[PDB]
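Coordinate inspection notes
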Amino acid sequence: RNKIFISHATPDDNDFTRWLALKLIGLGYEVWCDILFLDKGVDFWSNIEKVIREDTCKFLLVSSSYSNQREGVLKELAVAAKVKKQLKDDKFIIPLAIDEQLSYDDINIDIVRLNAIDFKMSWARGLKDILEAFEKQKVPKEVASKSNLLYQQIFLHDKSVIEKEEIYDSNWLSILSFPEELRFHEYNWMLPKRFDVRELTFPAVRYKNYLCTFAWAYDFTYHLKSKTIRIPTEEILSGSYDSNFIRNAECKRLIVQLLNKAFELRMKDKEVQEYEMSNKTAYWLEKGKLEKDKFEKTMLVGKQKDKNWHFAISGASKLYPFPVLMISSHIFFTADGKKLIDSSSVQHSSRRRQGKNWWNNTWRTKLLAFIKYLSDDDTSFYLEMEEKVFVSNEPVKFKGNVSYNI
Amino acid sequence: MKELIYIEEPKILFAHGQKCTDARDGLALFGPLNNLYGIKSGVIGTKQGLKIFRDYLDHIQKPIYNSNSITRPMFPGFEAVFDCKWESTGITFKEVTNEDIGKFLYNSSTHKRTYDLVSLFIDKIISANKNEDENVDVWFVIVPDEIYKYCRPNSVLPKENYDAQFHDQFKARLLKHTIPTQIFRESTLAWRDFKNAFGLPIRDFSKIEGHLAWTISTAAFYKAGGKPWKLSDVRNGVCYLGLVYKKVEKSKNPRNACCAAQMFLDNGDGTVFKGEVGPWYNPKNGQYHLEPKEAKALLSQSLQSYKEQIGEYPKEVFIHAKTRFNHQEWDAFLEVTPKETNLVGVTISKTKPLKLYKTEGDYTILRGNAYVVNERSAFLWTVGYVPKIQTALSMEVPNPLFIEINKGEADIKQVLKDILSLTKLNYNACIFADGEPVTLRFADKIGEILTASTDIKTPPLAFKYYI
RNA sequence: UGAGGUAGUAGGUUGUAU
DNA sequence: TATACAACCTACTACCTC
Ligand SMILES: [Mg+2]
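Residues numbered from 1 in each chain as written, not as in the entry; some residues may be left out. Chains lettered and ligands numbered in written order. Part of a larger assembly, values for the part shown. Heavy atoms only, no water. Residues with missing side-chain atoms left out of burial classes, pairs and counts.

Next up on the list: the overall build of chain A. Across its full length, chain A carries 11 helices and 18 strands. Taking 22 Å as the expected radius of gyration for a compact globule of 406 residues, we find that chain A reaches 38 Å, considerably beyond that expectation. (Helix = DSSP H or I, 4+ residues; strand = E, 2+ residues; numbered from the N terminus. Rg over C-alpha atoms; globule rule 2.2 N^0.38 Å.)

What follows concerns the environment of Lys159 of chain A. Structurally, the position occupied by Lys159 of chain A is in the loop between α6 (145-156) and β6 (166-169). Using a relative accessible area of 36% as the deciding quantity, one classes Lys159 of chain A as partly exposed. Leaving out residues up to four positions away in the same chain, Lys159 of chain A has contacts with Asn405 of chain A together with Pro387, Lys388 and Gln390 of chain B. (Buried < 20%, exposed > 50% of the residue type's maximum accessible area, 1.4 Å probe, protein only. Contact = heavy atoms within 4.5 Å.)

A word on the protein's contact with DNA strand D. Lining the immediate environment of DNA strand D, one finds 26 residues, of which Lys318, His348 and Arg353 of chain A together with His211 and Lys247 of chain B sit closest. Here DNA strand D approaches the protein such that, of its atoms within 4 Å, sugar and phosphate make up 81%. A distance of 2.5 Å is found between a base oxygen of DNA strand D and a side-chain nitrogen or oxygen belonging to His211 of chain B. One nitrogen or oxygen atom from the main chain of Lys247 of chain B is found 2.6 Å from a phosphate oxygen belonging to DNA strand D. Of all elements in the fold, only α9 (248-268) and α10 (344-354) of chain A together with β9 (239-247) of chain B reach the threshold of two or more residues within the surface near DNA strand D. (Near = heavy atom within 4 Å. Polar contact = N/O pair within 3.5 Å; in protein donor to acceptor, adjacent residues only side chain to side chain.)

Attention now goes to the coordination of the magnesium ion. All names here are of chain B. In the first shell of the magnesium ion, the protein supplies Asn428 (OD1) and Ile467 (O), at 2.0 to 2.8 Å from the metal. A residue pair is termed long-range when its members are at least 10 positions apart, and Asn428 in the loop between α12 (412-422) and α13 (438-450) and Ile467 in the segment after α13 qualify at 39 residues. The buried category is assigned to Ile467, whose relative accessible area is 11%. (Donors = N, O, S within 2.8 Å, 3.2 Å for Na, K, Ca; no water.)

Residues and elements named next belong to chain B. Assignment of secondary structure puts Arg24 in helix α1 (residues 23-29). Owing to a relative accessible area of 4%, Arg24 belongs among the buried residues under this scheme. In terms of polar contacts, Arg24 uses its side chain to reach the side chain of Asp22, at 3.1 Å. Ignoring sequence-local partners within four residues, the contact set of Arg24 consists of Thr71, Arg72, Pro73, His211, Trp214, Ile389, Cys430, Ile431 and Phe432.

By size, the foremost hydrophobic cluster in this structure holds 117 residues, and its most contacted members are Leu96 of chain A together with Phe53 of chain B. Not counting residues up to four positions away in its chain, the partners in contact with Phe53 of chain B are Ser41, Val43, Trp86, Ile91, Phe140, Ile142, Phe184 and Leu189 of chain B. Counting 48 residues, the second-largest nonpolar core is a separate cluster that includes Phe178, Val197, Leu259 and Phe381 of chain A. (Core = buried A, V, L, I, M, F, W, Y, C linked by side-chain atoms within 4.5 Å.)

Residue and element names in this part refer to chain B. Residues given the UniProt feature "binding site: Mg(2+) 2" (unreviewed entry) here are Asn428 and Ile467. Taken together, the annotated residues stretch across 40 residues yet fold into one region, lying no more than 6.5 Å apart by C-alpha. A relative accessible area of 26% means that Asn428 is categorised as partly exposed. Ignoring anything within four residues of it in the chain, the contact list for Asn428 reads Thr215, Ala219, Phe442, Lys445 and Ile467. When near neighbours in sequence (up to four residues on either side) are disregarded, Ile467 contacts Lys171, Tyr222, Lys223, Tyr427, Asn428, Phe442 and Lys445. (UniProt positions renumbered as here; feature names shortened; annotations may be inferred.)

This part covers the pattern of salt bridges. Close approach of charged atoms allows side chains with opposite charge to pair. A full pass over the atoms with the stated rule returns 33 salt bridges over all chains. Note that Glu181 of chain A and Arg183 of chain A form a salt bridge whose closest N and O atoms lie 3.2 Å from each other. Using a relative accessible area of 10% as the deciding quantity, one classes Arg183 of chain A as buried. In this structure, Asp434 of chain B engages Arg441 of chain B in a salt bridge whose closest nitrogen and oxygen atoms are separated by 2.8 Å. Within this structure, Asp22, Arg24, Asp25 and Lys388 of chain B form a network of salt bridges that share partners. (Salt bridge = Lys/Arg side-chain N within 4 Å of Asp/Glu carboxyl O.)

It is worth spelling out the UniProt feature "binding site: Mg(2+) 3" (unreviewed entry) in chain B at this point. All names here are of chain B. UniProt tags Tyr466 and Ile467 as "binding site: Mg(2+) 3" (unreviewed entry). Looking at the element boundaries, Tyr466 is found in the segment after α13. With near-sequence residues (within four places) excluded, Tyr466 lies in contact with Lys171, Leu175, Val277, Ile446, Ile449, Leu450, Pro459 and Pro460. A distance of 2.5 Å separates a polar side-chain atom of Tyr466 from the backbone oxygen of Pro460.

Taken together, the contact between chain B and chain A spans 44 residues of the former and 46 residues of the latter. Of all the secondary structure elements, the ones that give two or more residues to the side of chain B that touches chain A are β1 (2-6), α1, β14 (357-358) and β15 (369-374) of chain B. Residue contributions to the side of chain B that touches chain A peak at 5 residues, all from β1 of chain B. When its residues are assigned to classes, the side of chain B that touches chain A shows 26 nonpolar, 8 polar and 10 charged. In terms of strand pairing, β6 of chain A meets β14 of chain B through 2 bridges, oriented antiparallel. Across the sheet, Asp169 of chain A pairs through a bridge with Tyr357 of chain B, a residue of β14 of chain B. (Nonpolar A, V, L, I, M, F, W, Y, C, P; charged D, E, K, R; others polar. Pairing = 2+ DSSP bridges.)

In a beta sheet, neighbouring strands are held together by backbone hydrogen bonds and run either parallel or antiparallel to one another. Residue and element names in this part refer to chain B. Spatially, 4 strands are ordered β5-β4-β6-β7 in an open sheet, and the strand pairing comes out parallel. Where the open sheet ends on each side, the last strands, each with one partner, are β5 (91-95) and β7 (181-185). Put simply, the sheet's adjacent strands are angled 20° from each other on average, direction ignored. Two elements, strand β6 (residues 138-143) and β7, share 5 bridges in a ladder whose sense is parallel. When the sheet's bridge partners are listed, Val143 is paired in β7 with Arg185. (Axes fitted to C-alpha atoms, helices over the stretch in contact; angles between N-to-C directions.)

Another point: helix α2 (residues 44-54) of chain A. In an α-helix, one full turn covers 3.6 residues, which means residues spaced three or four apart are oriented alike. Residues and elements named next belong to chain A. For α2, every residue scored as buried is listed here: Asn47, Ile48, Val51 and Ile52. Viewed end-on, α2 has its buried residues packed into an arc of 130°, placing them on one side of the element. Against β1 (3-7), β2 (30-32), β3 (56-63) and α3 (71-87) lie the buried residues of α2. (Arc of directions from axis to C-beta.)

Taken in spatial order, the 12 strands line up as β11(B)-β10(B)-β9(B)-β12(B)-β13(B)-β19(B)-β16(B)-β15(B)-β1(B)-β18(A)-β6(A)-β14(B) in an open sheet, and their pairing is mixed. Edge strands, defined here as strands with exactly one partner in the open sheet, are β11 (271-282) and β14 of chain B. Relative to strand β10 (residues 256-265) of chain B, β9 of chain B is paired through 8 bridges, and the arrangement is antiparallel. When the bridges of β10 of chain B are listed, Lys247 of chain B appears paired with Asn256 of chain B. Contacting β9, β12 (316-321), β13 (342-349) and β19 (401-407) of chain B, helix α11 (residues 327-336) of chain B runs over the sheet at an angle of about 145° to β13 of chain B.

Residues and elements named next belong to chain A. Under the local residue numbering, the UniProt record ascribes the feature "binding site: NAD(+) 2" (unreviewed entry) to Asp34, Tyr104 and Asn115. With a sequence span of 82 residues, these residues are also far apart in the fold, their greatest C-alpha distance being 27.5 Å. If you trace the backbone, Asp34 turns up in the loop between β2 and α2. Owing to a relative accessible area of 25%, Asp34 belongs among the partly exposed residues under this scheme. Excluding residues that lie within four positions of it along the chain, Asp34 makes contacts with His8 and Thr10. A polar atom in the side chain of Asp34 sits 3.0 Å from the side chain of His8. Residue placement: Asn115 occurs in the loop between α4 (109-112) and β5 (117-118). We classify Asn115 as exposed; its relative accessible area is 54%. Not counting residues up to four positions away in its chain, the partners in contact with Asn115 are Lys91 and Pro95.

It is worth spelling out the environment of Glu8 of chain B at this point. All names here are of chain B. Structurally, the position occupied by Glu8 is in the loop between β1 and β2 (12-13). In this structure the C-alpha to C-alpha distance between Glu8 and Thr97, which are 89 residues apart in sequence, comes to 54 Å. Among residues more than four places away in sequence, those in contact with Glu8 are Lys417 and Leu420.

Shown next as structure tokens:
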């Protein structure tokens with residue numbers, strides 16, 4: 001007794017019966033259905049009765065609207081019930097509900113009490129249930145790798161997420177405090193209103209006839225009241241300001257330019273060299289700047305074979321949705337500890353080679369170490385314009401309601 | 001501290017009415033939607049190319065296993081998946097000799113060489129299509145690696161009206177005849193023999209062979225006219241459109257050509273996914289905004305196509321783009337749109353540098369996590385970690401799409417769900433999903449093919465003539 | 001170009017004042 | 001007409017993995 005007998009309405013339920021028979025045969029079982037194993041020129045009813053009585057260890061019954069009141073299916077079910085009574089096996093008959101149009105009150109009473117297997121929603125979940133029931137009932141199976149692979153595929157097809165919260169670290173540095181107000185200086189004097197615009201110690205750019213800065217008028221004296229408007233930062237961050245003097249969007253552009261210039265100038269004074277890219281600028285630490293390239297045990301700067309790679313941060317301030325700094329991570333290869341390579345192709349290829357064995361943990365650890373080293377106090381660092389802007393050294397966090405378990 | 005919502009993974013409909021999330025799992029367990037009886041292939045190239053193609057076709061029939069099947073399901077054989085025959089006994093071979101290839105391959109210039117090689121490869125196709133009595137479903141053009149290497153716009157010889165790209169020009173010159181062709185490389189099917197330094201192959205397909213078989217089989221089955229899968233959770237009469245702009249380079253004055261891809265649900269419960277073509281042109285250099293007349297023409301053509309396909313007008317029309325629509329083109333769009341139809345214009349970009357790192361685990365962020373910034377903005381992680389396959393879809397920390405509703409009013413969650421469902425209709429490959437929506441990607445393919453030539457007047461809408 | 005992903009290199013446009 | 005930049009746009013490779 002090792003056969004799995006499948007009963008169905010022959011001219012109406014062939015697709016599912018053939019699918020299930022082939023899937024079960026492919027999993028190492030031995031099935032019997034009249035559409036694949038009944039011989040030609042044989043007395044078919046006596047053969048079916050003999051198979052049910054002496055060969056089947058399980059009796060799968062495809063219960064649908066067509067086969068509910070089919071005479072052949074009823075005869076086979078009756079013989080199966082008698083054989084189950086003889087065998088004293090409670091789980092001999094397993095109905096498979098493949099039709100959603102068969103009401104619970106319309107199923108024939110012989111199988112109403114039996115616990116069926118749901119195939120209406122999905123045939124793969126039903127096959128998983130069949131496999132679980134067969135494994136629990138110790139149905140005989142004779143398999144070698146193909147059956148295991150198909151079994152694993154069937155089990156894993158429905159794998160999904162679990163509702164476990166998780167915390168994600170981003171690369172956005174939020175802004176805590178802004179200066180009291182944005183300063184517009186209507187000088188127009190002092191060398192065509194500071195014609196350099198690119199050499200003053202404090203960040204400032206020229207407007208129509210004014211200079212926009214957070215610094216005082218008596219702070220650019222090395223390279224060089226009537227200051228009007230003086231818009232506050234808090235009122236303009238919410239975008240509640242208007243009028244033809246300057247558009248609100250242009251104000252936001254002006255201030256974000258101011259933070260970008262301040263970020264460049266502040267840590268350009270940190271005695272750290274930089275790298276020039278196609279559109280931005282990135283800044284990497286030297287080999288000898290760290291003792292010894294293990295800031296918080298993070299291995300900031302190393303070597304691949306004989307070329308030294310350095311971790312670099314490229315930052316840019318943005319105001320959408322709320323004022324933060326987006327900073328990105330790069331890898332720069334130099335032959336010596338403090339040098340540079342003009343071969344873009346070699347640098348790119350070696351960067352891609354280095355980035356193939358780092359992964360999320362190493363990326364986050366090195367990013368956090370670099371952002372902690374750039375800090376100037378316990379939990380932030382300040383940018384100078386005689387005013388200061390505090391930028392948190394801890395990137396903002398995100399909370400998710402779902403995750404996985406490796 | 002911010003909150004991320006999760007978008008449930010969409011399902012795709014396979015045979016027997018059965019839905020799944022993985023194309024490979026559904027194709028292995030159930031099979032394709034429609035039944036075509038067989039594929040008759042026409043092979044072009046040298047005798048070595050024919051031998052390589054025959055060897056690969058023979059290798060395809062038997063099941064192929066990956067090194068790790070928990071991530072890449074094994075290929076069970078072409079007939080065991082697509083219940084149709086694609087054998088080497090039904091090959092109509094057209095011969096291209098090495099002398100003919102080398103006559104123009106090693107000659108000077110970059111535009112003349114590619115043009116001559118494409119002509120040599122395409123005249124055989126046209127003649128066998130018109131002057132032969134054998135029916136060929138797909139034409140498989142086996143290209144030697146020398147032609148592939150030496151037919152690039154920026155290629156340089158190793159010291160001894162049309163685009164310089166072999167593939168795009170080849171597909172553009174074949175548009176008037178509607179011949180679905182697949183361009184194969186010798187090193188793609190014979191990777192084991194193209195060694196580089198010490199017998200190590202240039203491309204290592206040893207642990208990938210199953211995935212390569214899956215991709216090639218899916219592409220061949222789609223080009224032959226088969227439907228491998230369709231979206232199961234498509235909404236009501238809403239129609240999705242996607243615009244992509246391309247440069248026509250130094251062909252005839254600075255011009256920008258816009259091409260569209262269109263998807264919706266027909267009355268037969270299937271999915272209609274084609275392209276709106278006739279690339280609408282803008283003469284201004286550097287501007288990627290359609291002029292009002294051309295925008296009205298585009299919307300009128302798309303609406304007429306929808307009305308002919310269905311019978312009424314769509315309830316709402318979503319528009320995707322990599323750019324932001326201006327007021328003039330949107331007013332032109334609305335001038336044609338009927339009152340009952342709601343116009344929504346959405347901008348999808350992959351430029352915002354927002355990387356999320358897991359605090360403890362070594363894997364990346366779950367795919368489908370969405371950061372709703374506000375009513376008309378969101379960050380969607382279309383590429384990330386998939387629990388079903390114990391590996392991520394990217395290598396480093398993936399970049400998320402920045403989806404922002406530019407024009408009109410619509411639910412941001414519904415837009416994110418629609419985009420995540422649209423990312424499942426890539427018939428050019430057999431993968432789980434891709435980061436970009438398939439509408440934008442296929443519009444990209446259509447545009448980059450149609451911009452390689454100027455003789456095309458009425459391009460076909462179907463995708464098998466481009467992809 | 002079997003297919004995706006991540007980078008790098010270049011150029012262009014709009015707006016803001018000279 | 002050039003500067004300078006904020007904010008967006010495409011075109012073309014090289015590399016790694018499925
Ligand atoms: Mg393809």
